[PDB]
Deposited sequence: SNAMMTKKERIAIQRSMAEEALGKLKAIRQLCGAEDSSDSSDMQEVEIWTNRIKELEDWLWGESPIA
């Protein structure tokens, strides 16, 4: 290739961006029930599980694993 960047570099950059993506999704989860002055988890759990699933895919199975 006549490209400056290597495949290893491109994948590292992608993995770096994936951490930011995951940070954003986890940020979302933190607002569950922020409208509720009271205490209590089912909504939170749904997010936890979907994020874990994406995170397992990213680092286990994806093109950047």
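For this session: Identify which parts of the deposited sequence carry no C-alpha coordinates, going from the N-terminal end onward.
Result: In sequence order, there is one gap with no modelled C-alpha: 41 to 42.
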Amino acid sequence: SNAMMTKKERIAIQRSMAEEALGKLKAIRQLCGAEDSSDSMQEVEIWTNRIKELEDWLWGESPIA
From here on, numbers count along this sequence of modelled residues.
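Exercise. For the stretches 56 to 64 and 1 to 9, which has the higher mean C-alpha B-factor as given in the deposited record?
Worked result: Looking at the record's C-alpha B-factors, the answer is 1 to 9.
Exercise. Which is higher in the entry, the mean Cα B factor of 15 to 23 or that of 44 to 52?
Worked result: Between 15 to 23 and 44 to 52, it is 44 to 52 that shows the higher mean C-alpha B-factor.
Exercise. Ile28's Cα B-factor: lowest, middle or highest third of the chain?
Worked result: Its C-alpha B-factor belongs to the lowest third of this chain's values.
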